[PDB]
Structures are given as C-alpha cells and as structure tokens.
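# Observations on the model geometry
Below, each chain spelled out in residue letters.
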Amino acid sequence: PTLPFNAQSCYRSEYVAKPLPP
Amino acid sequence: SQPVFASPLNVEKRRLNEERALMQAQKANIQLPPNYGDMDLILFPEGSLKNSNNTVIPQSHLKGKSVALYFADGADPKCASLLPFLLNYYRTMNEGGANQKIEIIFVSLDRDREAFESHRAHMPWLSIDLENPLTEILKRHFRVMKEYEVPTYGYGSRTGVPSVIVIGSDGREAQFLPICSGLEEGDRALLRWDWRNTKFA
Amino acid sequence: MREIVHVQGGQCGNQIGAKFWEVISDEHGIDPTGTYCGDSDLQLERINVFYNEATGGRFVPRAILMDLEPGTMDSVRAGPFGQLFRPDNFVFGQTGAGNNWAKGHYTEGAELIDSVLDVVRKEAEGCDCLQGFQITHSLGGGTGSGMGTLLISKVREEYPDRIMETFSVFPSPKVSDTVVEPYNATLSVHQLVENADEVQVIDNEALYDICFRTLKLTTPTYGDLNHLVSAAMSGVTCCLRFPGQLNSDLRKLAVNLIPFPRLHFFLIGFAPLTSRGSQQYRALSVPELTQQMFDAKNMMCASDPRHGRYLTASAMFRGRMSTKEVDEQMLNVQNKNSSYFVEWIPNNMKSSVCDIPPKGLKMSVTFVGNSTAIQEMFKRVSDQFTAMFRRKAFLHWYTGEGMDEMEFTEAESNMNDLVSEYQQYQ
Amino acid sequence: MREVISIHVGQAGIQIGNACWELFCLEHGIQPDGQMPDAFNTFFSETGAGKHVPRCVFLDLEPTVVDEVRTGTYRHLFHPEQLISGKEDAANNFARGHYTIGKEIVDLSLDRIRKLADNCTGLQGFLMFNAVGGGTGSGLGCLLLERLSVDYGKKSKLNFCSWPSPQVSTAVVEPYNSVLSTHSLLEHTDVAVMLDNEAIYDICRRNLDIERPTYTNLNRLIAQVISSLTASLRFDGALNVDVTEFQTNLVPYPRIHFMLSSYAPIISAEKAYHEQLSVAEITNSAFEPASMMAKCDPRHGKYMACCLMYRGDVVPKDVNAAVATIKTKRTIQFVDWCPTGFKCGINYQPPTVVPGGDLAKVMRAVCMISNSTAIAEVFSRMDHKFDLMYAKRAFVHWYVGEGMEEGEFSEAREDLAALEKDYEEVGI
Amino acid sequence: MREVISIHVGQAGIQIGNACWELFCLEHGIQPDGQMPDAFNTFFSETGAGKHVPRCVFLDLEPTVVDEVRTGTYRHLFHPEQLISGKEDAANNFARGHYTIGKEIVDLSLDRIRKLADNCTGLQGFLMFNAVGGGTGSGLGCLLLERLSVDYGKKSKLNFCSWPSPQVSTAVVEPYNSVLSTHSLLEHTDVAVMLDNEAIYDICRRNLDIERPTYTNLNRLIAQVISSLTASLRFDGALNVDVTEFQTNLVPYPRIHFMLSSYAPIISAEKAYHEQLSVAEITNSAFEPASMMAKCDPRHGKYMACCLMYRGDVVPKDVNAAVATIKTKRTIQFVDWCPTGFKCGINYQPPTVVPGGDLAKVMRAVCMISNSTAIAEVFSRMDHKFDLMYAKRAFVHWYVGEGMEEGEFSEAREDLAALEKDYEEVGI
C-alpha cells in the first residue's frame, strides 16, 4: 500500500508541446 | 492551459475569460470556448507584491524585466545553500548595467508568519505574503511541493523547494532553472538564464 | 523576323537564366506580370527576338526550362519574374540525373527528349525562320553537362544551317565541387567541339576575384555573380535588338572570330567595374574602357592571358562613342601590347558600336577573346582526367549505364587533340 | 511526389529516430497532433484536411520501446499500422533476428513498405536507422534490407549505423554481432554512415560543456546531422544537393561506402556569445579531429572525398576563401590520385533549436560526411576482437543452436579481409 | 414505380432483416412510427396519412424470433401479417422444412407475396436472405423458390446466403443441408451472393478492431452492403445500375452464378479521421485477398467478372484511373477470354452512418461483388465433408423418416460434381 511515486521519464519530460513555427 | 490544465489560476482564468467571451458574443463569429492564446488575465492582483521598502507595487512595474519566482523554505538546507548565490547573482547582474535586468518574487513554502518574516528580512527582492492565497495558488500552478500533501491530478512534483522559475505574462513557464532537477547544477544553473528573450511583457 | 530560342539546362543553368531574364526584361521594360511600360518605340521595335505577343498585350519569353530534378525550376517559378515563363514550356523530371553524365545522356535522358524536342520545334516552326539558340548550363554537373548536351546534339542535326552559342562554367583550379569534374567535363567537351558553334567559358574563382578586388563587396551571394554574367550575355546580343554605327550579329562575330572550325572557345570581359568609392575619380571615356579590357584581373576566366598570345578578339562597345577615338585606340592597343597578340594576323582586334548604352551607365563594352591561354586550362582537365582513369576510379556508375572502356579513351584523345591544335598555333 | 521512406529497426534505431521525428515536427511547424496552424512533402503525406502523417515505419520484436510511443505524446501523429511490435525480444543474436523470429515480421513489414512506396514514382531512397552490435538491429535489419534490394531495383539506401565503440562496448557479443552484419551490409546498402557513442560523450564533454548528459542528448546532436543532411530537399538554397547524388559524390568503388560525420557549431547557449561564428572559423572546426562523430584518428588517414553542406546565412565566396586555405594546409592530407575532393552545397534556412535543448541559436552551420582511409583502423581493430574471441569457439553454440551454419563465420571474416586489403591498396 | 421485395426466411434471414430495415428507415428519414416530417418508394409503400410501410415478408417456422420482433421497438412500422410465424422450428432438418411442416404455410406466404407484387406495375425484382446451414432457411427457401419461379418467371431473384465456413460450422448436419440446397438454388436462383460468418468476424477484428463482436455487429456490415447495392435505385448518381443490371454483367453461363463480396472502407472512429480515403486507395483495399467477405482466397482462382459500387464524393476520372492500375497489376489474374469485366456505378449520396454503432462518417465508399473461379475450393470443402459422412450413412435415417427418399442424397452428389466440373472447364 503506497503514497504516490512522482519521478518521471526523460522522454516524457522534455519532448513536450513546443510552440509551433507557422 | 499552460503549463498544466488543473491549476487554480487556470480555472479562474478560464471561468472569467469565457464568461466575458459569451457575454460579448451574445451582445454582438467569435470562437467559443476561447483559445488560451486569446485569453487575458491579471496574474498578480492589486495588493500582492511588496518590495524592500514594504510598499505595494502594481503589476505594470514589472514590464521590461526578466522576472523569476523563487520558491523557498526557511529551514530547508538546500534553500539555505542556494540563497547566497542567488543574492550574489542578483547583485552583480543588476549592478552591471544602466538598466534593471532581472527581478525575483519570493513565494513561501514556510510554516508560519514569524519564520516567513525572519527569512524575508534577508531578501532584497519582492515577496508575496504567506497568508495571501496567491502563495498556495502559485504552488499548485507550478507543481512545487516538499511532500505529497495537496493532491496532484496524475502529475508529479515538477521540482522540490528550492526552485527558480522564469515566468511570463500569462503564467507561461519560460524556462526551468536546473537547481535540483534532472540536471543538478546546484548554485551554477543560474548562468543558464536567457534574460534577453524572456522579458515580462 | 529573327528568333533566338532560349534553353536552360541543369541547376546552374536555371539559376543563371533566371537573372538573364531579369536584365533582358529590364533592357526593354517589361513588367514582371508581362505588361509593357517604358513608352519608347525604339526599345521594342525588335521585341520578337526573345518574346511573343499574346492578344492580352503580354510578352511570354521563348524560353524552354529544362531539367530532370523537379525542385530547382520549381524555385524559378515561385521567384520574381517567374510568372513570365510559359507553364507548358516547363519539362519536369522525376528521378534526377544524380551527377552521372552517363544517365543524363543515354539511359535516363532518352525518355524525356520525346517531350523537349516536341516543345522546341513547335516554337521553332511557328515563326518565319530561326536565327540562333541559347543554352545556359554547367560542364561539371550531371543534368546540365550530359543531358543538356543531348539537346545540343539533336537540334544541330535537325537545323544544320542555324547557329547556337552557349554559356558554360568549368571546374575551378583551387575550389572544386562535384568530385566527378573531369569525367563530366571531358565527356562534354568532345561532344561540344563536334556539335556546337560557339562557347563562352566561365570560371568560378575568376568571378570571386572580380567581386573582391573590383566591386569591393565583402559577402554577396550567387545573385551578384549571375548579374555580371547576365550583363555579359546581354552585351553580346545587344546589336540584334538595337541599331548602331558598326552593326553586329551572332553569326557575323562567328565568322570574324574562329579561324578554324575546331577551336571556338571564348573568354569574356566587361566594363565599367569600379566600386562606389572609386566612381567619382573616373570620368568615363573611350581610352580607359580599353585599358580595363586588357586587364588580366578583369577577365571572366582565370587563365592568365599574359602566358599566351591572343589569336583574335572582339569588342562590342555600347553607347554614343565617337568612332575615330574608338578604332584608332583599338589599333593603339594592338601596337601597345605587341607581344600579347599573334603575329600572323594583321589587325588582331576588332570593334562595334551598339547605339544604346545600358540604363544606369553611359558607356559599356563587352570583350570576347579567342585566346590561346586555354592551353593550360584544358591541360588542367587533361591531367585531372588521367589521374582518375589509370585504374578506373568511379568508373562503375558510368559503365553500368551502357558506357564503354573504348569511349572513355576516345574522349581523352579527342580533347587532347584540341590542346594540341592550340599549342601548334604560336 | 519526391520523398524518402524512413525505416526504424531495433531499439537504437527507434529512440534515435524518435528524436529525429520530433526535430522534424517543429521544423515544419507540425503540432504533435499532426496539424499545421512546399516544405513538408519529402517527409510527410497529407491526410484529408490539414493533417501530416509521417513517412516512417517502426519495427521491433519487443513491444516495450514501440508501444511506449503508442501511448506517448505522439499518439495521433503516427498511423497505428506501421508501428510494429513482435512478441519476444531478439536478444543480441544475429541468428535469432535473421532465421527464427525475424521471418514472421518481414512478411508484414515489406507489405507496408509497398503500401507507402506505390503512391508516387521517383522514390529518392530509404533512410534506415539501426545499431550494429544489437540483436534485432542487425538480423531484422539484414533481412529487411536484402529483400528490399531485390524487390526495388535501383533506388538509393541510406543507413545510419550506431557503430560499436573502439573503447566501450556495453555487450560481450558485439564482435560476433558486428562482423556478421558487415558481410550482409556490403552488397545491400549504398551509403553507410558510421556513428560512434563515446565520441558524442567526448563532444558533450568539451564543446557542449555539460557534465552529465544521457542518451536523450546523444540523440539531439544525431538529429541535427540528419536535418542538415536532408536540408536541401526541404528548402531552397543557393546551391543544393540531392540524396541520389551522394553515391555519385562519395564512392569510387561499389564496395567502399563507409563514411564519417562532422558538425559545427556545437556550443552551449551560455558560451555562445564568446563566438561570433564566421565561415572562416566553423570550417576549420569541421576538420579539427576532436570534432568528428566517429572517433578515429585521421592523422594516419588520407582523405579521399568530402561533402560539406553549409546551412543558414552563408555566402558562396567565403566558403571558397575557407576551402582555398584548407587545401593548402598540410595537416589535412589528401591522397594523390584524387586532386579534387570537395563538394560544398548551401541552403538558406538556419538550423532550428529544440526548446529546452542544449543547442544555442546559431546563424550558420556546417555538416560534413567524408570518405577517408582511416576506417582501416576501425576494421583491423574489429578483426582482432573476432579471432581472439573465436580462438576457442567462445559463444559459438548460441549462434549454432539458433540456426546459423558453423563455418559461415569463416567466409564472413574472409569477406572482411578483402575490405581490409582494398583500403590499404587504395591509400598508397 | 421501381419497387423490390425483400423476403426473409429463417433465423439468419430475420436477424439480417432487422439490420437492413433499421438502416433504410434512418436513411430515408422515416421514424419507427412510419411517417416522415419519392426516393423511398423502392423500399416503402404509401398509406393514407403519410405512413410508409416496408415491402418485406418475415418467414420463420419458429415463433421465438418473429414474435419478439412484433413486441419490440419496431411495432407499428411492419404490417402485422407481413410477419408469418409457424408452430415448431424445422430444427436443422431439410426434410422437415420441405415436406412435412413447410407445406402448411407456403400458401399463406404466396398469398401475401401476391398481394404485395400486384400493388403496382414495374416490380424490379426479389431479394432473399436465408441460412443454408439452417433448417427452414434451406427447407422453406427451396419450396419458396420453386413456387416463385413458376409464377413470376420473368423477374430477377437475388439471393444472399449465409454459407457455412470451412473451419467453423455450427452443425454436423450442415454438409447435408448445404449440398441438398445447392440442387435447389442452381435452377431457381438467378444470382447468389456468397456470405460467410467468420470472414466477417475476421474483418471486424483487424479493420474495426472489435475483439468480441456479436450477431448485431456483423449484421450492420451486411446492411451497409445491401444499402450500397441498392443505393443506385434509391438516389440519383452519375451511373445508375439496377437489379436487372447485375445478371447480364456477372454471369456468362446459366449454371454459374456464385460470387463473392467486399466492402471498403470498414473503418473505425479513430482510423477514419486520420486518413486520406483516396479513390485509388479504397479500390486497392477492396481487391485485397483477405478483405473479401467469404474466407475464400482468390489467388488460386480467376476473376471472370467484377462490379464496383461507389458511394459518396466520387469523381469519374479517379475511378477510370484507379481501375486501369488494377488491370495492369500483375498479381490478380483475369481470364483470357473475358477482356472487359469492370463496372463503374457511381452514386452521390454519402453512406449514412448510425452513430453509437461501429463505423465512422466517411466521405466515400466502394462495395464490390465479384464472380470468380475461386468458388471451386468452397465447394471442394463441402464436397469432401459430404463424402466422409455419406460413406457410412450417418444421420440419414432422420432425413428418410420424414418423407425424403434415399437417392436425393445420391443425385445431389453428382449435381455438385457437375457444378465442380463446370468451374474447372471454364478456367481454360
């Protein structure tokens, strides 16, 4: 029985919704 | 809806802005619900910020300066370590010009009033009072927490206290300074600050 | 009247030819949408030399844009003055002759010639009778050097009594792209001496010398170098479009220049070429134009002419010149530079007056010189070819497309004979 | 119209190319959804209204790397059919990826390759990413590439191989895996670009000045080479190249297609304002031996062919200024028989920067892919790792038991012997 | 006007009938009540205060399905004695539904059919849905063809039979009922379209990606097929094709009228929106061997004739362009003696999707009904099944005791063999 684990993958961390070129 | 969806600032933002959007749409081609780009908010209210002279300044004073929030705790050893170097950086970087360059807001993860004032006596930049709800709202907005106490909605801790976040006009996370992060440049990550392209517009 | 059919081949060709139609449209004053403005009857009394009426008053150029790579002339279409060119005049390719002379000529080219020969003869046969052709290309590349040379060979056997003259760039001495230079150059030359009437050589680092030493420009792009070549191309064929004192034609300078049919490779000059700074010192007149004709740093190709002796040359002056100071100094430069010319021809050096100066200047002159200084330059390519032929470097790409071991030896021997014919004449 | 079909096989291929695709999305302003709020033809199709699906296939025999993409932030970006997962992992065998388990994926994968190639004629080529020391990186890579050569005749095949290190290996079966791949790589691919790992460790140590980067920072720099490589197709330039001209640019004999890489500038955003990057300075850093991405000493290497693609606001003549002085320098030794050895193309648009990346915004950039005789070091070293480990039949029964014929290791080495001799024959 | 009569016999007949009479109601925008608030004439009548009643008859000897329809949602739409129900089921016995219990209600069926055909002029044709594997679907169906061919000799008869699959069959009595019904529908049925249940299971598992479908998941796909065949009659299009259109274009010989079916695109919610449904693409997906709706590999057959029914925003040049690619494609073999065997029937109206169903809104669709010589294998399977069982008279005494002689088993054997030989000799 656990309180929640909050370390996150490097892939999820940094390849995120960039502001788009037009 | 940046950098997260489920934050109190963003729920207030969405409520206010589309209230206005529906009203003027009915009064008049306007896209409902409004884009996050099209929305406008006032980030720091009338009586939030107060400086080194204990005087409240409006939000319009922060125009033209790279602003950064500093989530700090009085009794956390990491924050006690990071404080002198942040102060020295503030010193040198703002002295070295005929223009104000950066400004720091103090957001308190501290326990109580006494300790907050004691810690705030050391800082020459702006602060938000701890009893002010904006502190807790900003904490939930930028997902900084010392311990899983307040529920997070499938997210994690972005960071831990201490942290420096370069912010924008609308609650945009301009860049994260890697103090205690994936990179761990303790006391050295402050040089990564791109003050030229992140001005509080 | 007289028609000149324009054909641009290769990547080099389409980029040069884009700025050539910049200057020609500017000589006569056609708006890029195609309409005419410039309100002068002598400008376009001879307009049909390059363009065609379209019952909307618009002039479309008689250009056939021609390649195998569909992107490079897609560039020309979207660019300025790209909306002049006829959409039907484009002949796209798909695969792209990847710098292989073999596939440009024999294998890959042969299925597209069925289209390009169709469009060229439909525009040819439409008029009364044709005068010449223009082919802009590179003899280092694949799609211009090989697949363009096919179009040279087919239209010659179809119109043997017509002329054609090309502007072709060669390998440069220090810098050199496109690691198969001497394979592409030597295979192109031995076809060019057999099926072409006149070739104007351009060297890349000679152009770079111009924009450093003369123009005083630090960092401009290909745009400036193409402008210099576009002015030279406009200068040679000025006299067809405008009257003058001593008239000129492409064929009349053809008969005047070449002594023997085998050697028809020409150098290029242009003046004035002083900078913005040096503009106010000079007070432009006939003798200082001639002095920077015979300036080796002002030569369009970097074969040093002081080593060789000029076999013959031409000078198409443009503007309002007084003809005595034209021809007397024209003789004067032959007497002054006694050793620079060849002995067995009296009156080595020639002239013309083309009555309309180019706009923005008042006097201009274009140099076309049949020198023997190209002895060392083809000898450069001769040694470069032998270096990668002794044991068959890079040969398999050519050999796989229907080449022969024999046809490479013929190209060496044939192009070496051209070297020998120049050296004999000293 | 004209495009290149990309293949990702093996884990190294997937996560390098997953960085390569996220660089391309922001290059053309494509959202991770796949929409845009004649650039994108050569890497993307257009679906219905406003979409852009990629020209790619993911193949792996394990789900664990490919399904994680399926649930990632690039959910709707890829069509859910070309993402291919097997059941069980290849597990570092050439034999297993080639003989037993590799067979049942090529039968479905070649179909999707056919499905992607039959739309428009004039295919440019095939960009297949793989590791060499890996299991599925070689075995599945071979079987797919062999079938492609027969089925599609004459079109080019680019292959970026994450080559095993001179120093580190991170697996013991690497000499058995690497040698066997080569014997089935020679007569299939057309341009095999050799990439190393601790070179980029050494690059990120010196130039990038970041202490502790990981594979996620390896892949950004790898992605920046590929973007600059195919910059000519996407965007107009003052002097452009193609992917079907490289094989006519670089290879003198059909068996010699093992080229290196280089890139410049590679600078931190913090130290960027102490270098205004001129064309005179970036070219010399391109030729400087501590900047290449392969880690072989070129001082014992005679250069044979070189191909520089300049990026951004660069004029043609300071290129010609730089290359004049480069040729006259005697630290960069060219071979005698090849007196011309440069191709230098130029494109307009300066390189993008990833947000939160480790690349400062630069205005000009040079990318180098060169054929040199230094690869004789990369192979003669490798042959030594083989026969010493094949001295007493170490790890043989794994390959024997999986399907391979014992003794096939012999003519694989005799093949690599010939590739050893011809480089030494050329250089004299 | 242009009316057709749909006859539903048996379990599979009724349950397929539910799907089609749901879709036609929605498409013409008529309610479960039967009134809308002249294109609908082909399927519906006209009655006083704007009610349109269906031109269908429901036959099943067993009450448990027909009765339960009457009580269901669609109460007021169907006429009460247009649904005919018996006493006890045929119970998987061909002899029962043809001799003993069939004969009672045939006369009642003809009387309703007579009164529905004589309502107006221009009766186009009959459609019939039945299960071959079942009792009454085979039994009552054979009687009903025999007594309809004598009366309405002129009109066309299109059959949609639920043929038993090669592996999965839902009966041991099914080889008997299959081969005993084939002697019925050779010389009465004009054109038969061959349906297979686990073929549709495979379609709805990999295309639309339901792991656990049911009977009401397959029947919607059948409803969309029938709607595409009869889209031409209902709505205006570029190239109209009737039911008389089909007999002259698919069958070259009197005895040879057995043909497959195909639909494209069977696409889901997520797939549809992310994809260009090119007119080239939908046709290519239709001719895919597995995408047929019969579980009958066409690679070991020859296509004699083929009809393509387009539905949506379909332009005729793309149709003509796409089919020329199909002919020059080497994979699919066409018979030498039949050079022309394609149909272009283009309709304007997009397919009307039931939301909360399984298909998505798509712009365009193609439905293919192809006559091929691959029907040899599907008879060879049932033939060999019948030979093993009949070799020692298994389950014979049930058929003999109900009136059927022993000897109709004998004669129907070579009748299937006569059919088998004809498909062999036509493939020369």
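Residues numbered from 1 in each chain as written, not as in the entry; some residues may be left out. Chains lettered and ligands numbered in written order. Part of a larger assembly, values for the part shown. Heavy atoms only, no water. Residues with missing side-chain atoms left out of burial classes, pairs and counts.

Header annotation of the entry names cryo-EM as the structure determination method and lists the resolution as 6.7 Å.

Going by the annotation in the PDB entry, the name recorded for chain D is Tubulin alpha chain, with Toxoplasma gondii given as the source organism. As recorded in the PDB, this entry has the title "Subpellicular microtubule from detergent-extract Toxoplasma gondii cells". UniProt annotates chain D under Cofactor with the comment "Mg(2+)". One UniProt comment on chain D, placed under Sequence similarities, says "Belongs to the tubulin family." (UniProt positions renumbered as here; feature names shortened; annotations may be inferred.)

With the PDB entry as reference, chain C is termed Tubulin beta chain, source organism Toxoplasma gondii. Check the Sequence similarities (unreviewed entry) section of the UniProt entry for chain C; it says "Belongs to the tubulin family." The UniProt entry for chain C carries this comment under Cofactor (unreviewed entry): "Mg(2+)".

Right, let's get into the overall build of chain D. Looking only at helices and strands, chain D has 15 helices and 13 strands in total. Taken over the C-alpha trace, chain D has a radius of gyration of 21 Å; the compact-globule value for 428 residues is 22 Å, and the two agree within 12%. The dimensions of chain D, computed from C-alpha atoms along their principal axes, are 60 × 60 × 45 Å. (Helix = DSSP H or I, 4+ residues; strand = E, 2+ residues; numbered from the N terminus. Rg over C-alpha atoms; globule rule 2.2 N^0.38 Å.)

Now for the overall build of chain C. The secondary structure content of chain C amounts to 14 helices and eleven strands. For chain C, whose C-alpha radius of gyration is 21 Å, the value lies close to the compact-globule estimate of 22 Å for 426 residues. Each of the three principal axes of chain C carries a C-alpha extent, and together these read 60 × 55 × 45 Å. Long-range contacts, defined here as pairs at least 24 residues apart, represent 82% of the contacts in chain C between residues at least 6 apart. (Contact = heavy atoms within 4.5 Å.)

Residues and elements named next belong to chain E. For helix α14 (residues 375–390), with 16 residues, the first-to-last C-alpha span of 23 Å sits near the 22 Å given by 1.5 Å per residue. Those residues of α14 not exposed but buried are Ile375, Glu377, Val378, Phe379, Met382, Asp383, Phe386, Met389 and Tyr390. At its buried positions, α14 is contacted by β5 (156–163), α6 (174–185), β7 (258–259), β11 (364–372) and α16 (408–425). (Expected span 1.5 Å × (residues − 1). Buried < 20%, exposed > 50% of the residue type's maximum accessible area, 1.4 Å probe, protein only.)

This brings us to the packing of helix α4 (residues 103–117) of chain D against helix α5 (residues 136–151) of chain D. All names here are of chain D. Between α4 and α5, the shortest axis-to-axis distance is 10 Å and the interhelical angle comes to 45 degrees. Between α4 and α5, the interaxial angle falls into the category oblique. When the axes of α4 and α5 are compared, the crossing they make is right-handed. Counted together, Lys103, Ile105, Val106, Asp107, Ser109, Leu110, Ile113 and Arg114 of α4 and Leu140, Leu143, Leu144, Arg147, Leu148 and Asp151 of α5 form the full contact between these two elements. Considered class by class, the residues forming the contact of α4 with α5 number eight nonpolar, one polar and five charged. (Axes fitted to C-alpha atoms, helices over the stretch in contact; angles between N-to-C directions. Parallel < 35°, antiparallel > 145°, perpendicular 65-115°, else oblique. Left-handed = near helix turned anticlockwise from the far one by under 90°. Nonpolar A, V, L, I, M, F, W, Y, C, P; charged D, E, K, R; others polar.)

Attention shifts here to the environment of E:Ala374. Residues and elements named next belong to chain E. Along the chain, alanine 374 falls in the loop between β11 and α14. The spatial distance from the C-alpha of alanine 374 to the C-alpha of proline 298 is 5.5 Å, given a sequence separation of 76 residues. If we ignore the near neighbours within four places in the chain, the residues touching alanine 374 are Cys296, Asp297, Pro298 and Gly301.

The next point concerns the interface of chain D and chain C. The partner chain C presents 36 residues to the 34 residues of chain D that form the contact. Within the residue set of the side of chain D that touches chain C, elements represented by two or more residues are α10 (246–250), α12 (316–328) and β12 (342–346) of chain D. Per-element accounting of the side of chain D that touches chain C gives the leading share, six residues, to α12(D). Considering only residue class, the side of chain D that touches chain C consists of 16 nonpolar, eleven polar and seven charged.

A few words on the packing of aromatic side chains. Geometrically, a pair of aromatic rings is defined through the distance of the ring centres and the angle of the planes. One pass over the structure, following the stated rule, counts 73 aromatic pairs over all chains. Ring geometry for C:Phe265 and C:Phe378: centres 5.5 Å apart, planes at 85 degrees, overall edge-to-face. A residue pair is termed long-range when its members are at least 10 positions apart, and C:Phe265 in strand β8 (residues 265–271) and C:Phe378 in helix α12 (residues 374–387) qualify at 113 residues. Owing to a relative accessible area of 4%, C:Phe378 belongs among the buried residues under this scheme. For the ring pair D:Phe386 and D:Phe409, a centre distance of 6.3 Å and an interplane angle of 20 degrees mean the geometry is stacked. Of the two residues, D:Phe386 is situated in helix α13 (residues 375–389) and D:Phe409 in helix α15 (residues 408–426); the sequence distance between them amounts to 23 residues. (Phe/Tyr/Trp six-rings, centres within 6.5 Å; stacked < 30°, edge-to-face > 60°.)

Using the criterion set out here, one finds one disulfide over all chains in the structure. Of the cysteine sulfurs around D:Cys161, a residue in no disulfide, the closest is that of D:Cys142, at 12 Å. (Disulfide = S-S within 2.5 Å.)

We now examine the sheet that holds strand β7 (residues 156–162) of chain D. All names here are of chain D. Across the sheet, which stays open at both edges, the seven strands sit in the order β5-β4-β1-β6-β7-β8-β9 with parallel pairing between neighbours. With partners counted over all chains shown, the strands left at the sheet margins are β5 (83–85) and β9 (258–259), one partner each. Inspection of the sheet shows strand β6 (residues 125–131) paired to β7 by seven bridges, in the parallel sense. Looking at the pairing, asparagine 130 lines up with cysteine 161 of β7. Relative to the sheet, helix α1 (residues 11–27) contacts β1 (4–9), β4 (56–60) and β6, its axis offset from that of β1 by approximately 135 degrees. (Pairing = 2+ DSSP bridges.)

All names here are of chain B. Judged by pairing direction, the sheet is mixed, and its five strands sit side by side in the order β3-β2-β1-β4-β5 without closing on themselves. Only two strands of the sheet have a single partner each, and these edge strands are β3 (126–127) and β5 (173–176). Two strands pair when backbone bridges link them, and strand β1 (residues 66–72) and strand β4 (residues 163–167) are joined in this way by four bridges, in the antiparallel orientation. Each bridged residue has a counterpart across the sheet, and for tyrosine 70 the counterpart in β4 is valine 164. Packing against the sheet, helix α2 (residues 77–95) makes contact with β1, β2 (102–108) and β4, and its axis sits at approximately 155 degrees to β2.

This brings us to the pattern of salt bridges. Under the counting rule described, the total for this entry stands at 52 salt bridges over all chains. With a closest N to O distance of 2.8 Å, C:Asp161 and C:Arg162 form a salt bridge. For E:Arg112, the salt bridge is made with E:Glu81, and the minimal N-O distance between the two is 3.2 Å. Placement of the pair is E:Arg112 in helix α4 (residues 103–117) and E:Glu81 in the loop between α2 (63–71) and β3 (83–85), with a sequence separation of 31 residues. For E:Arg112, a relative accessible area of 25% corresponds to the partly exposed category. Through salt bridges with shared partners, a single ionic network connects A:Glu14, A:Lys18, D:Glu22 and D:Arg220. (Salt bridge = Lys/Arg side-chain N within 4 Å of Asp/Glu carboxyl O.)

Attention now moves to a nonpolar patch on the surface. A surface patch of nonpolar side chains, amounting to about 410 Å² of accessible area, comprises B:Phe5, B:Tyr36, B:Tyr153 and B:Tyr155. Positionally, B:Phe5 belongs in the segment before α1 (8–27). (Patch = residues over 30% accessible without salt bridge, like charges linked within 9 Å, V, L, I, M, F, W, Y side chains within 5 Å. Areas by Shrake-Rupley, 256 points an atom, 1.4 Å probe, with all protein chains shown as cover.)

Residue and element names in this part refer to chain D. In the UniProt entry, the feature "binding site: Mg(2+)" is given for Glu62. Locating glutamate 62 in the fold gives a position in the loop between β4 and α2 (67–70). According to the relative accessible area criterion, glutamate 62 is buried, its value standing at 15%.

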